[PDB]
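Dumped run-v5.cif below, it's mmCIF, C-alpha atoms:
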```cif
data_work
loop_
_atom_site.label_atom_id
_atom_site.label_comp_id
_atom_site.auth_asym_id
_atom_site.auth_seq_id
_atom_site.Cartn_x
_atom_site.Cartn_y
_atom_site.Cartn_z
CA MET D 1 -112.40 51.39 152.02
CA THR D 2 -109.82 50.28 149.45
CA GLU D 3 -110.24 51.99 146.08
CA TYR D 4 -108.02 51.96 142.99
CA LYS D 5 -108.38 54.82 140.51
CA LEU D 6 -107.30 53.89 136.98
CA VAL D 7 -107.70 56.20 133.99
CA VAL D 8 -108.71 54.89 130.56
CA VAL D 9 -106.73 56.10 127.55
CA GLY D 10 -106.03 54.80 124.06
CA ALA D 11 -107.02 55.05 120.40
CA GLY D 12 -109.65 57.72 119.85
CA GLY D 13 -112.76 56.20 118.34
CA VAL D 14 -112.28 52.45 118.70
CA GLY D 15 -114.28 51.92 121.88
CA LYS D 16 -112.79 52.91 125.22
CA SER D 17 -116.29 53.17 126.69
CA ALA D 18 -117.31 49.72 125.47
CA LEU D 19 -114.31 48.13 127.17
CA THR D 20 -115.34 49.86 130.39
CA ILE D 21 -118.92 48.65 129.95
CA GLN D 22 -117.94 45.00 129.49
CA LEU D 23 -116.07 45.16 132.80
CA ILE D 24 -119.15 46.19 134.77
CA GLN D 25 -121.61 44.21 132.65
CA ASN D 26 -119.42 41.25 131.74
CA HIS D 27 -120.55 41.67 128.13
CA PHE D 28 -119.16 43.39 125.04
CA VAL D 29 -121.37 46.04 123.45
CA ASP D 30 -121.22 48.50 120.56
CA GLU D 31 -123.16 51.25 122.33
CA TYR D 32 -120.97 53.92 123.92
CA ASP D 33 -121.66 55.91 127.09
CA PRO D 34 -122.21 59.70 127.01
CA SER D 35 -119.92 62.08 128.89
CA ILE D 36 -122.62 62.11 131.57
CA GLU D 37 -122.21 59.10 133.86
CA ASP D 38 -119.23 57.88 131.83
CA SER D 39 -116.92 56.65 134.60
CA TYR D 40 -117.89 53.55 136.57
CA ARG D 41 -116.92 51.74 139.76
CA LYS D 42 -116.89 47.96 140.17
CA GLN D 43 -116.24 45.73 143.19
CA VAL D 44 -113.59 43.14 142.33
CA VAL D 45 -111.09 40.76 143.89
CA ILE D 46 -107.50 41.60 142.97
CA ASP D 47 -104.36 39.97 144.36
CA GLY D 48 -106.72 37.78 146.38
CA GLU D 49 -107.97 40.87 148.20
CA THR D 50 -111.47 42.29 147.76
CA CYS D 51 -111.34 45.94 146.69
CA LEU D 52 -113.11 48.65 144.69
CA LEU D 53 -111.94 49.24 141.12
CA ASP D 54 -112.66 52.72 139.75
CA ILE D 55 -112.52 53.02 135.97
CA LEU D 56 -112.22 56.61 134.77
CA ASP D 57 -113.68 57.49 131.37
CA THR D 58 -112.90 60.84 129.76
CA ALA D 59 -115.68 63.38 129.25
CA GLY D 60 -116.27 66.48 127.16
CA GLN D 61 -113.02 67.77 125.67
CA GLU D 62 -109.66 66.01 125.35
CA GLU D 63 -107.68 68.80 127.00
CA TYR D 64 -110.47 69.86 129.35
CA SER D 65 -111.74 66.88 131.35
CA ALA D 66 -111.58 66.33 135.11
CA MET D 67 -111.67 62.56 134.62
CA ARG D 68 -108.29 62.69 132.88
CA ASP D 69 -106.86 65.95 134.19
CA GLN D 70 -107.39 65.35 137.91
CA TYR D 71 -106.72 61.62 138.05
CA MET D 72 -103.77 61.58 135.64
CA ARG D 73 -102.19 64.32 137.76
CA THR D 74 -102.29 61.87 140.67
CA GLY D 75 -100.59 59.24 138.54
CA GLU D 76 -102.13 56.28 140.37
CA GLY D 77 -102.43 54.41 137.09
CA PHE D 78 -103.88 54.33 133.58
CA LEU D 79 -104.48 51.77 130.84
CA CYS D 80 -103.57 52.21 127.17
CA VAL D 81 -105.87 50.36 124.77
CA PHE D 82 -105.75 50.21 120.98
CA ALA D 83 -107.24 48.27 118.06
CA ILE D 84 -105.04 45.53 116.62
CA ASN D 85 -106.65 45.95 113.20
CA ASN D 86 -106.24 49.73 113.26
CA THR D 87 -102.79 50.87 112.13
CA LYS D 88 -103.28 54.42 113.38
CA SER D 89 -104.35 53.29 116.85
CA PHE D 90 -100.68 52.82 117.76
CA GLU D 91 -99.98 56.51 117.19
CA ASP D 92 -102.53 57.74 119.73
CA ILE D 93 -100.96 55.81 122.60
CA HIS D 94 -97.45 56.73 121.46
CA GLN D 95 -98.48 60.36 121.96
CA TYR D 96 -100.03 59.59 125.34
CA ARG D 97 -97.02 57.68 126.66
CA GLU D 98 -94.35 60.09 125.43
CA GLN D 99 -96.27 63.15 126.62
CA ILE D 100 -97.10 61.62 130.00
CA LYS D 101 -93.51 60.38 130.27
CA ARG D 102 -92.33 63.99 130.32
CA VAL D 103 -94.75 64.75 133.15
CA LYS D 104 -93.83 61.56 134.98
CA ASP D 105 -90.08 62.11 134.71
CA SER D 106 -90.32 62.12 138.50
CA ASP D 107 -93.36 60.01 139.38
CA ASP D 108 -94.40 56.40 140.00
CA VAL D 109 -97.22 55.33 137.67
CA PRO D 110 -98.02 51.86 136.29
CA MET D 111 -98.65 51.46 132.56
CA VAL D 112 -99.96 48.63 130.38
CA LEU D 113 -100.34 48.41 126.60
CA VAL D 114 -103.38 46.42 125.48
CA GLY D 115 -104.25 45.29 121.97
CA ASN D 116 -107.71 43.98 121.13
CA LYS D 117 -109.10 41.37 118.74
CA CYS D 118 -106.12 39.09 119.35
CA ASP D 119 -108.44 36.29 118.25
CA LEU D 120 -108.98 38.05 114.92
CA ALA D 121 -106.78 36.92 112.04
CA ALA D 122 -107.46 40.16 110.17
CA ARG D 123 -105.02 42.46 111.97
CA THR D 124 -101.88 44.56 111.61
CA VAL D 125 -98.32 43.22 111.82
CA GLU D 126 -98.00 40.39 114.34
CA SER D 127 -98.49 41.44 117.96
CA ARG D 128 -94.81 40.60 118.45
CA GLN D 129 -94.14 44.07 117.04
CA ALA D 130 -96.57 45.50 119.59
CA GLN D 131 -94.50 43.82 122.29
CA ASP D 132 -91.35 45.34 120.79
CA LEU D 133 -93.11 48.70 120.66
CA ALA D 134 -94.16 48.28 124.29
CA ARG D 135 -90.61 47.30 125.22
CA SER D 136 -89.23 50.42 123.55
CA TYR D 137 -91.48 52.44 125.86
CA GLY D 138 -90.57 50.35 128.88
CA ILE D 139 -94.07 48.96 129.38
CA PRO D 140 -95.70 45.50 129.37
CA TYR D 141 -97.99 44.31 126.58
CA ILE D 142 -101.25 42.44 127.17
CA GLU D 143 -103.37 40.66 124.56
CA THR D 144 -107.16 40.95 124.74
CA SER D 145 -110.21 40.21 122.60
CA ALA D 146 -113.96 40.80 122.53
CA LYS D 147 -114.20 37.20 121.36
CA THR D 148 -112.51 35.06 124.01
CA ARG D 149 -109.04 36.36 124.84
CA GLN D 150 -109.12 38.10 128.23
CA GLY D 151 -106.77 41.07 128.39
CA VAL D 152 -108.41 44.33 129.44
CA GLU D 153 -109.76 42.99 132.73
CA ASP D 154 -106.48 41.31 133.64
CA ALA D 155 -104.57 44.42 132.57
CA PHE D 156 -106.56 46.57 134.98
CA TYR D 157 -105.88 43.99 137.69
CA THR D 158 -102.19 44.16 136.79
CA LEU D 159 -102.25 47.94 137.19
CA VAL D 160 -103.83 47.50 140.62
CA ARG D 161 -101.30 44.84 141.62
CA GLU D 162 -98.51 47.17 140.49
CA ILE D 163 -100.01 49.78 142.79
CA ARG D 164 -100.11 47.18 145.56
CA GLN D 165 -96.42 46.45 145.02
CA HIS D 166 -95.25 50.05 144.62
#
```

Could I get this file's structure written as structure tokens?
Amino acid sequence: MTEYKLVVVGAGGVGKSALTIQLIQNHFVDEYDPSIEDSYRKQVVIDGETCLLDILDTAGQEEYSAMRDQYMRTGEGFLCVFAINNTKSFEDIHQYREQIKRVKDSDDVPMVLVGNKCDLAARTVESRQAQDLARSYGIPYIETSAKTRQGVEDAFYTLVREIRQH
């Protein structure tokens, strides 16, 4: 009965739902899930140990959602995802991290910064800046892509492994 509850956050509008879908389906889609039946659970092997990975998608309002409000309050873990071709996508996570940081001034919660389309030449300033941005916020940076580059899945595993260590 081992379950890991990780909350999905990141740029608003890119495709947080799609990244959740491709985890459970093993395929990248454009269709997004409705607030109803948004969050999913998936049986996975992490750290060599078989466990249940619970991916929490937000529902309804930004400020009023049990999927964020309840689970984030626990602080078990959450993933920050953004679009590498979207300049503004950085800002959304910057708000999330700095705001959560104030809440987590006394708490132990794993964080990972993930940028997509790392196989796509058409993107913002080199991801090296995203690493520097991640470093300024004291968090690791993972590269992912819908194309080939695996990041999101490994990043969620990293969050779980960080839970296993802490």

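The residues returned by the PyMOL selection byres ((chain D and resi 57-59) around 10) for this structure are residues 6, 7, 8, 9, 16, 17, 20, 33, 34, 35, 36, 37, 38, 39, 40, 54, 55, 56, 60, 61, 62, 63, 64, 65, 66, 67, 68 and 69 of chain D.
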
Practice item. Compute the distance from (-100.7, 47.4, 141.6) to each atom, counting only C-alpha atoms, keep the residues with any atom at most 10 Å away, and return them as a VMD selection string; use the coordinates of the file. Key: chain D and resid 4 46 to 47 76 to 77 109 to 110 156 to 166

**Study point:** Length of the atom CA of residue D:49 to atom CA of residue D:104 vector [Å]
**Key:**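 According to the coordinates, atom CA of residue D:49 and atom CA of residue D:104 are separated by 28.3 Å.
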
Study note, to complete from the structure: Using all atoms listed in the file, the best pick from D:15, D:3, D:23, D:145 as closest to residue D:50 would be D:3

Check your understanding: Which one of D:52, D:121, D:111, D:133 sits closest to residue D:155 if you count all atoms listed in the file?
Key ->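 When distances to residue D:155 are compared using all atoms listed in the file, the smallest one comes from D:111.
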
Review point. Which is closer to residue D:1 than all the others in D:99, D:70, D:124, D:43, using only C-alpha atoms?
Key: D:43
